[PDB]
Every structure is written in C-alpha cells, then in structure tokens.
Amino acid sequence: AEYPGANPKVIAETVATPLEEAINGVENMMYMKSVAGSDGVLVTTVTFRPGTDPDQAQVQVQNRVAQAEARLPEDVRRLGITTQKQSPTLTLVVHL
Amino acid sequence: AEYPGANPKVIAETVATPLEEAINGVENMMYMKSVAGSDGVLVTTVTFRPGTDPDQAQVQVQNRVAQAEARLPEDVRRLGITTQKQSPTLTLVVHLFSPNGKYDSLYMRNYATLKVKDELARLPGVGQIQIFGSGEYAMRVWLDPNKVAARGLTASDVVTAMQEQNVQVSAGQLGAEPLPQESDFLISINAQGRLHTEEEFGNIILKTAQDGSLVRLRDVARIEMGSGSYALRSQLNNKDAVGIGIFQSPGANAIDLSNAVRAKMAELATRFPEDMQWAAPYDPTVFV
Amino acid sequence: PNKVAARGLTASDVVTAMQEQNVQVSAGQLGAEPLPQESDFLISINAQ
Amino acid sequence: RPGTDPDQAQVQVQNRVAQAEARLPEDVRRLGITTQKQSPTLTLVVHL
Amino acid sequence: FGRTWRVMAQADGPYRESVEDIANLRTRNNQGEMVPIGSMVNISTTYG
Amino acid sequence: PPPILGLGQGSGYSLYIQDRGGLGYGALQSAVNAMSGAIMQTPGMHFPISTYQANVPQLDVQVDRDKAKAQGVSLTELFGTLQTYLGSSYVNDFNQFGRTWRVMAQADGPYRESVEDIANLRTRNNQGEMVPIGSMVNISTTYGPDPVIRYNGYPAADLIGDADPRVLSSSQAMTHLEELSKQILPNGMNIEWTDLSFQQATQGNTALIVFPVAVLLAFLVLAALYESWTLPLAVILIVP
Amino acid sequence: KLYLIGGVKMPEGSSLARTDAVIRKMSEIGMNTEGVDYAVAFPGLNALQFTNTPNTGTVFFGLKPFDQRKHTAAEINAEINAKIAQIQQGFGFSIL
Ligand SMILES: CCCCCCCCCCCCO[C@@H]1O[C@H](CO)[C@@H](O[C@H]2O[C@H](CO)[C@@H](O)[C@H](O)[C@H]2O)[C@H](O)[C@H]1O
Ligand SMILES: CCCCCCCCCCCCO[C@@H]1O[C@H](CO)[C@@H](O[C@H]2O[C@H](CO)[C@@H](O)[C@H](O)[C@H]2O)[C@H](O)[C@H]1O
C-alpha cells in the first residue's frame, strides 16, 4: 500500500492496523508482519503454514483487504492496494 | 451488511434486493435467505449442495458481492460488507463474566476483542471464533438537537466539523528530492490532527458566537466511548458477560482442541483484571 | 435540450436534481438507547 | 490446456488481475474488474 | 487501545422518544432562519 | 549469503520483541539495546542485527486551532497546504508511451528544506487574503523509528543473529535467549519466534516416532527372514 | 445434549429492556432448578435466525453432567417450562 507523503507512524496507525484487523482470522496464517517506511510505502507479509495453497491464500487475503479498503484514507484507496504471492525461486537477475 | 439507522424495509429494498440479484445463480447453490433487522444489519445465508468446496463457494460469493457493491447505498459500502464461509461444528463456548458488577458487557466484549480473540484464532485447529455480546467500542457523540439549533447549527454542520477536525494527514519530508545539490539530512514531518480521547472531541470548534467565544462540541453534546451496537446483551448466571463461540475446522481433534483452548484461557488468566473471570458453560466434545 | 436551455438549465442541473430527489434515507427509531430510564417500546421510523 | 481444472485457472487469473489493478487507469480500477470461468458455448437457446 | 473504531454522531436518547421530538428537529432555510421539520412532513403510525 | 532463498540466516535465530501495553518506541529501543548487549556478552553468538532504529529525528507540526479560528483560516486548508506542498498530492493519471502514469503535485525541492519553508507556505482566510501558516503551527523536534515495524498486530522490533554450532546449538540457544527475554522484560512486552525459529519453537517433533518404527520394521523383516526373534539383533547392534 | 434451549417472544413493538427483564426471570428460574449448572442468557437473540430482534430473547440452560444430576433433561424441561409458563408478560418456552 502507498500513502504518498505519510510518515511511518501515520501509515502504521491508519493503514497497517485496519488491514491487519481485516486479515487476522484468515485460515492457515501462521504469522504476519508490517513494515512502514518513510517513502510512504507499507509492506505487510502474511506467512502461512507449509503446504498451504498460495493461490487460495492470496485470494482470501486480497478479499479481506478489498473489504477493508473503504475504511482506508482516500488517496490510499485511489492508489490501490496490491496483494501478490511472493516467490523464492530466483532463477536469473539481469541488469541494464 | 450494515446500514446504521435503516428500516428493515429499505435494507431489504436497497441492500438485500440488489445483492440477491447479484449472488443468484452462483455455482452449487442450493438456496439463499436474507434477514434484515431493525438494528441495521443484513445477514444473507447462501447454502450450497453437500460436497461443495466451502472456500470456493466463499470466493464465488464475494465475486458476486464485489460486482454488486457499486449499486449499494454509499453508507452501506463505506462500512464494508463481509463474506465468510461458516464453520458449522461448535466445539466450545466460553464466557468472560463479572460476578460483582464492575465490568459491563461492553468492557468485557472489547477485552475479548483485544486480548483473547486474536490469541484464540491462531491456535492449532480452530476454524472460526464468534463474539456474542454488546459491541465494539465507538466514540458516541450524543447530540442535543435543541442546543444545536440554538446556536444556529445543523446536524450536517456538526458532522462536517467532526470530519474536518478529526483527520490524519501526511506532512511530507524536509530535504527530499529534487535538489540542485545533495542534501545532508532527511527529516520526516508529523502533523497529527487525529483526536484520541473524549475531551478532545468535546473541544471541536463548531462556530464563533456574537460573544466572540468559541462554541464547542461539548456545549451541545455528551461525549463518551460507548458501544457501536446496542442490539444484543449477554449474561452468564445473571451476571454481565460476553459469550465466545469456538468452532473447529474440519479434520481437527475436537478433544485436543478443547483442551488447548481451555489451557490457553488459563494462560490468559494471569493477565485478567480483578472481578473478571471465565467459564465454559457448554462442552460438546464430551460425547465423543 | 432546447427546453432545458430555455429555462436556463443545464444537463448537470437536471441530473443532480434527479440525484437529490430519488434517494433512500435511514431514519432510526423512537425509544432507542441510550436512556436514563428504561423504555417500554421500540418504534422503527421509515422515511421514503 | 484441455484437462486443466477451470476453478484453479479462475483463481489464478483472478489473483493476477488483482495484482495488475494498480498499473491500470484509476477510472478502470474504480469500476472493478470481473473474472469468471466461462465456456463460450451457447448450450441451448429458449425463445419466448 | 491499538485498534481503530468508529466515531458516531446521533441525538441523545431522551431527544428521540416521541413523534413531537421528530417534528421538533430544526434545520436551515434559504434565508438563514431555523425552521422545524414538522411543517414540511407528515408523520404517520403504520405497521411493518 | 544464506543456503536457501526465503528462510533467513544459516544456523541461528530470528526473534521479534513486541509491546502489548503501549510502552512506546523509546522503551522498545532500550529493550533491543539491552538484549543485543546480553547476546553479545553470551560467549557464542555475536552482536545481533536489527532494522529497528527509534532514534530517527523528525519534526512535529502541532496546530493551534484556537488561533486558527481567531485568524479565520480553515483547518482543512492548513492541512491541505501541508499535504500538497510538503507530502505531494496524487492528482490523477495520464497516458503516455502507451502506458498510464501518475501525476504528482508537490512543492519544488528548495521550498521544503527548512522549518522556515514550513512557516512560509500560505493559505487563505475568511477575509480572502493570503496568510503564512507559521503563525498557527508549532514545529518541534522528536525522535522516532523509521520503518515502523509490527509483528502479529503489535508494535515490534526484529532481531536476527549469527550462530555457533561449535558452541551452542540453536535448539538450546533458543531457550537461553528465552531466559534472557524473561530477564530483560517489562510486563506487557514479550518475545515471539519467526522463520526457522518458529518451526523449532512449535514443531510437533515426529522424528522420535519415525526412528523407532523404522528400527522395528527392520528387526521384524529380519525376523521373518531368520525365523528367530533373537537373530536379527545380531545385525541391528553392529551399526553403531 | 447437556443443555436446554429456552426463549421468549414479547408483544410486537416491545423494547429490549422488557425482554431483558423476562429473560432474567427465566434465567433465575433455571438456576433455582436442580441440575441446571448455568443460565447462558442472550436477550435480543432470535434462535431461529440468530439475528437480533428487539422483542425476542434466548437462554440456554447448561445442565450438570448426569452422574451429578438426578433428573432427565426432559423432566428438567417440563419443570422449567411449568415454572416459566407463569410469566404473563410474554410467550416463553423451553425445549430440548
Ligand atoms: C452459543 C454460541 C454458539 C451458537 C452456535 C451458532 C450456531 C448458530 C447458527 C450459525 C449462525 C451464527 O451466526 C452468527 O450470527 C451472529 C449474530 O450475533 C454474529 O455475531 C455477531 O455478534 C455481535 C453482536 O451482534 C457482532 O457485533 C459481531 O460482529 C458478530 O460476531 C456472527 O458473526 C454470525 O456467525
Ligand atoms: C550478485 C547479485 C546477487 C543477487 C542476490 C539476490 C538474492 C539476495 C537475497 C538476500 C538474502 C536472502 O535471504 C533472504 O532474505 C529475505 C529478505 O529479507 C528473507 O525474507 C523474509 O522477508 C521477506 C520480505 O517480505 C518475506 O517475503 C519472506 O517471507 C521472509 O522470509 C528470507 O528469509 C532470507 O532467506
């Protein structure tokens, strides 16, 4: 999520807490963390039990986030939250 | 769905009806029902053919409500509408209760929200926990219409004052790009405009008087942190209480899970304030 | 549009008028909480 | 491909449109994007 | 308490107990005057 | 680097200290400092590393709403000037190169470099004149964290450290550091494991049943081949 | 099933306070009943829909285990039902 111009504290209190509240209760979530940076960016990582289906995890998390969106500040809504599954399978890195 | 202050009639007409028009035809659905009460809450239950994947059913239903949300009333969707599969098998119901009377159902229910809810839902085997009693905390500003009208003010004026004066805001940084030369320091700026207590809310400025004095919210309203819902009470043994319904996820060990939640409650025992204890009035695993 | 303009009205004017005069409204109820003395009746209010 | 589970395909395509929404114009993201498994096969037609 | 909650604005209970309480709520007209709503509305008993 | 992508260090520990009572960011930083000292003075593990730094300076702009109403400037116009000028404002999208990109409005760099710059941006009052906002704001200095970290819904700080498989294996270094967490501990603040540690902290260890049943199966098929409940041992005891 | 399900419907248009009074009365009736360990009360709860209506209420009588009871749950049901049939304020019931 992006809150352009926001400091870490306002991001944590007005973006991270409502999102964590809407995500908590998703099945097979073993833990989660939230990182709020001075660049106006929040990265929330939800890690699930091993053997979980990452696609079902992603759709459930994204659904809870979508329902929490309305209680988020207007410019954050306008920029749009994104949910995506993180992959560990780095194969190549290419530089220009 | 929630529609604060709405008649069951218009909840059915403008919230239940368009939703139902959207969810109808969903895959494997057996039937759906919609109950709209005078507490402003709509509950729509969609029951599917046995053997249907519950998670798949949930994603399809939320797909259809997502299509539907555009035509719902603004205040309905501003609160959000939640789609969730039901865990049918109850494994244990616990109660937080206050035998003497220090704590009311509001305090105990929100203590459940804050201290035991999250640390129960992460136990190995639960599928769904449910809270029954009072409601979540809410900053209630109880207006007196007569005093509001006396100062030449309207309800809309008061609401716009609360909205304009209770906001966070993003104050940016000092020394960020673009710059003709490299900066030495980066400093973030905080400009807090969010209120945290009843007194600050009461200190909201509404208008200026011919007196020249500042007309304030506490001049025309009683401010409290009360409940967001006054629709359901909970008592255990005629003492104020809040009931927690624990539902296991299919494939779990119900005996082991009930033992686990009981032991967890005994662990949170160390951190309760006095005059608040807990009970398990019903245990359905004993049968097995 | 000729008649709408003849009344000095714009398409936005008529559209917003239609927005403002066909709308659902919530109107609460009489005898609801909080009360210092417990109420006997709860009477829902419908505004259409 | 033939033999692929249409439900898994639906969920994956849905996840990826969800991740791509932030790279689209705001006017599009506002109106929402639908993702349904579907066969273009008109199985029959009923005439009134 | 680390969480987020709604702040709500409503009339205090004792001011929404009667029909006349509804008729007595006031608002602003096109000349700045405070007028009660009872003059422009009809309030009827019904069942539902 | 790590042996794998996605878990953490090699042998060792990943830990999170969280505050459940509201002790504040300074208390968390003192907790992490005292801990890291304790881990260092423990002979095996070196100084642990974290991303938490509560001593990041910043500026707090409080507003005098009384003076705001006295001067006739709206609170939302004040916050709006702060927002657009200092924090940038998202306007809308535009299409170029066949793609869609953001339009951002912000004060140029060298007009948001000093506290006088904050005081110097101007908003309009009810009399319609343009007034500097510095008269109504009180910019002070404070120290906080960047980034703000939360773990399991509570404020928290991470702590990942190197191991000493030649001194203290991770399994009992875990309970060691649990003893330290009880040691350096305020009530309402606790620790929780993450990455491999969480596994080791919460695993329903099954090896202690796979090893027996394995040797049982071996002895049993040996007995079948040997027509004896006593000859198979003559092989099972030669492996150690 | 180690519990009984009792409830009340009050006259249409009643307030939740009246239901609360009636529910408290039947709760204490259940307590003064032998073998009923608990009187779990939810005034405002409609048992058929588990929605909230202002003129209905529910109370579960949590029974003691049989080895400490000396009455069958049907007999507790009959006794509590005869006791709460005396309430004229509304229509109260207790079922298995
Ligand atoms: C004795 C407790 C266990 C009973 C077993 C439940 C089986 C009954 C059929 C299943 C239906 C349960 O339906 C349940 O409705 C209740 C209505 O209070 C909701 O419960 C709600 O209670 C409070 C107060 O109203 C709300 O503020 C809260 O957000 C929500 O938890 C549950 O979210 C829903 O799951
Ligand atoms: C010459 C060019 C070399 C390019 C090398 C690119 C690979 C570099 C990898 C960096 C270190 C790998 O080590 C890895 O670090 C990441 C990032 O913190 C950790 O990742 C952790 O945080 C990330 C960030 O949200 C989570 O998505 C993840 O679930 C969690 O485990 C891994 O647990 C650890 O295994």
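Our structure's up above, just so we're on the same page.
Residues numbered from 1 in each chain as written, not as in the entry; some residues may be left out. Chains lettered and ligands numbered in written order. Part of a larger assembly, values for the part shown. Heavy atoms only, no water.

Some points on the overall build of chain B
Rule in force here: In DSSP terms, a helix is any run of H or I states spanning at least four residues, a strand is any run of E spanning at least two, and both are numbered starting from the N terminus. Each residue is assigned to one of three classes by its accessible area relative to the maximum for its type, calculated with a 1.4 Å probe on protein chains only: buried under 20%, partly exposed between the two thresholds, exposed over 50%. Any pair of residues with heavy atoms lying within 4.5 Å of one another is described as a contacting pair. Methods summary: accessible areas were calculated by the Shrake-Rupley approach with a probe of 1.4 Å, and residue burial reflects only the protein chains presented. The positive count covers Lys and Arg only, the negative count covers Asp and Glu only, and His and the chain ends enter neither. Working definition for charges: the position is that of NZ of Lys, CZ of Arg, CG of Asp or CD of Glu.
Counting secondary structure elements, chain B contains eight helices and 13 strands. For chain B, the C-alpha atoms occupy an extent of roughly 75 × 60 × 50 Å along the three principal directions. Counting the 288 residues in chain B, one finds 52% classified as buried. Taking the intrachain contacts of chain B between residues at least 6 apart in sequence as the baseline, contacts between residues at least 24 apart amount to 70%. About 13000 Å² of surface is accessible on chain B, with carbon and sulfur atoms providing 49% of the total. Distance between charge centres in chain B, computed from 26 positive and 33 negative side chains, equals 5 Å.

Examining the side chain of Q58(F)
Relative to the elements of secondary structure, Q58(F) occurs in strand β2 (residues 56-63). A relative accessible area of 4% places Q58(F) in the buried class. With residues up to four places along the chain from it excluded, the contact list for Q58(F) reads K9(A), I187(B), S188(B), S140(F), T141(F), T142(F), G144(F) and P145(F).

Details of the nonpolar core
For clarity, the cut-off: The nonpolar core is taken to be a set of buried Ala, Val, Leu, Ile, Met, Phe, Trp, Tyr and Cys residues, with the residues joined through side-chain atoms within 4.5 Å.
By size, the foremost hydrophobic cluster in this structure holds 25 residues, and its most contacted members are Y3(A), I23(A) and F48(A). Those elements that provide at least two residues to this core are α1 (8-23), β1 (29-36), β2 (42-48) and α2 (54-68) of chain A. Per-element tally for this core: the top contributor is α1(A), with eight residues. In this structure, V94(B), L96(B), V126(B) and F272(B) belong to the second largest nonpolar core, which totals 22 residues.

Structural notes on the interface of chain B and chain F
The test is simple: What gets called buried area is simply the loss in accessible area from a 1.4 Å probe that two parts show on being joined, summed for both. Just to be clear on terms, a salt bridge is a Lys or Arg side-chain nitrogen sitting within 4 Å of an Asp or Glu carboxyl oxygen.
Contact with chain B, which involves 32 residues of that partner, is made by 28 residues of chain F. Of the roughly 2500 Å² buried at the junction of chain B and chain F (both faces included), carbon and sulfur atoms supply 51%. Of all residues in chain B, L174(B), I187(B) and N190(B) give up the largest surface area on contact with chain F, accounting jointly for 17% of the area buried on that side. Where chain B touches chain F, the interface holds two salt bridges.

Structural notes on unusual backbone geometry
Residues and elements named next belong to chain B. Looking along the chain, the bond that leaves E177 and enters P178 is cis, with omega of 0°. Residues other than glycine seldom take positive phi values, yet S134 does so here, at roughly 50°. Secondary-structure assignment places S134 in the loop between β4 (126-132) and β5 (137-143). By relative accessible area, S134 is classed as buried at 14%.

Thoughts on the sheet that holds strand β6 (residues 173-174) of chain B
To keep it simple, the criterion reads: When DSSP finds two or more bridges between two strands, those strands count as paired.
Pairing is mixed in the open sheet, where four strands are placed in the order β6(B)-β7(B)-β2(F)-β7(F). Strands at the two margins of the open sheet, each flanked by one partner only, are β6 of chain B together with β7 (137-144) of chain F. Pairing of strand β7 (residues 187-190) of chain B with β2(F), which is carried by three bridges, proceeds in the parallel orientation. Counterpart to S188(B) in the pairing with β2(F) is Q58(F).

Remarks on the site of ligand 1
Operational definition: Throughout, the term near means that a residue has one or more heavy atoms lying within 4 Å of the molecule or strand in question. Between N or O atoms, a polar contact is any pair within 3.5 Å; within protein, one atom must be a potential hydrogen donor and the other a potential acceptor, and residues adjacent in sequence are included only when both atoms are from side chains. Classification convention: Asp, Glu, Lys, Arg as charged; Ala, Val, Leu, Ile, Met, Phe, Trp, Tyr, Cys, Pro as nonpolar; all other residues, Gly among them, as polar.
Every residue lining ligand 1 is accounted for by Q86(B), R109(B), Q130(B), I131(B), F132(B), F247(B), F50(G) and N52(G). Within the side chain of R109(B), one N or O atom sits 3.4 Å away from an oxygen atom of ligand 1. Within the complex, the protein chains bury 64% of what would otherwise be the 770 Å² of accessible surface of ligand 1. Sorting elements by how many residues they give to the shell around ligand 1 places β4(B) first, with three residues. Grouping the constituent residues of the shell around ligand 1 by class yields four nonpolar, three polar and one charged.

Things to note about the interface of chain D and chain B
Facing the seven residues of chain D at the interface are four residues of chain B. Taken over both partners, the interface formed by chain D and chain B buries close to 430 Å², and the fraction arising from carbon and sulfur atoms is 28%. The residue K37(D) makes a salt bridge to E27(B) at a minimum N-O spacing of 3.0 Å. Run the count over chain D and chain B and you get four residue pairs in polar contact. Its residues assigned to classes, the side of chain D that touches chain B shows no nonpolar, five polar and two charged.

Side note on the site of ligand 2
All residues in the neighbourhood of ligand 2 are listed as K33(A), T45(A), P2(F), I4(F), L5(F), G6(F), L7(F), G8(F) and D195(F). The separation between an oxygen atom of ligand 2 and a polar side-chain atom of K33(A) is 3.4 Å. Here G6(F) contributes a backbone N or O atom positioned 2.8 Å from an oxygen atom of ligand 2. For ligand 2, the accessible surface in isolation is 760 Å², of which the surrounding protein chains cover 41%. Classifying every residue of the shell around ligand 2 by side-chain character gives four nonpolar, three polar and two charged.

Thoughts on the packing of aromatic side chains
Inclusion rule: Each pair of aromatic rings taken from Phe, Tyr and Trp, with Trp reduced to its six-membered ring, is defined by centres within 6.5 Å and is described as stacked if the planes are under 30 degrees apart, edge-to-face if over 60, and tilted in the remaining cases. Consider the ring centre and the ring normal. A charge sits over the ring if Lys NZ or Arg CZ is within 6 Å of that centre and within 35 degrees of that normal.
In this structure the tally under the stated criterion is 13 aromatic pairs over all chains. Look at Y16(F) and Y151(F): their rings are 4.3 Å apart centre to centre, the planes differ by 25°, and that puts the pair in the stacked class. Of this pair, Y16(F) sits in strand β1 (residues 12-19) while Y151(F) sits in strand β8 (residues 148-151), and the two are 135 residues apart along the sequence. Arranged with centres 6.3 Å apart and planes meeting at 70°, the rings of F42(G) and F60(G) form a pair that is edge-to-face. Residue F42(G) is found in strand β2 (residues 36-45), and its partner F60(G) is found in strand β3 (residues 52-63); the two are separated by 18 residues along the sequence. Residues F42(G) and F60(G) agree in their burial class; the two are buried. One aromatic cluster is present, formed by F132(B), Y282(B), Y3(G), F42(G) and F60(G) through successive ring pairs. In this structure, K1(G) packs its charged tip against the face of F287(B), placed 5.1 Å from the ring centre.

Overview of a nonpolar patch on the surface
Definition in use: Distance thresholds for patches are 9 Å for like charges and 5 Å for nonpolar side chains (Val, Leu, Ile, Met, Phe, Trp, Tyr), applied to residues having over 30% relative accessible area and no salt bridge.
Together, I209(F), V210(F), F211(F), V213(F), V215(F) and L216(F) give the surface a local cluster of nonpolar side chains, amounting to about 540 Å² of exposed area. Within the secondary structure, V210(F) is located in helix α7 (residues 207-226).

Comments concerning the pattern of salt bridges
Across all of its chains, the model carries 32 salt bridges over all chains by this definition. Where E2(B) meets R6(E), a salt bridge forms, and the shortest distance between an N and an O atom there is 2.6 Å. On the criterion of chain membership, the pair formed by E2(B) in the segment before α1 (8-23) and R6(E) in the segment before β1 (7-11) is interchain, its members lying in two chains. For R6(E), a relative accessible area of 22% puts it in the partly exposed group. Measuring nitrogen to oxygen at the nearest pair gives 3.1 Å for the salt bridge that ties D66(F) to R216(B). Of this pair, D66(F) sits in helix α2 (residues 65-71) while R216(B) sits in strand β9 (residues 214-216), which puts the two residues in different chains. Linked through salt bridges whose partners overlap, the residues forming this network are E119(B), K264(B), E267(B), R271(B), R20(F) and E192(F).

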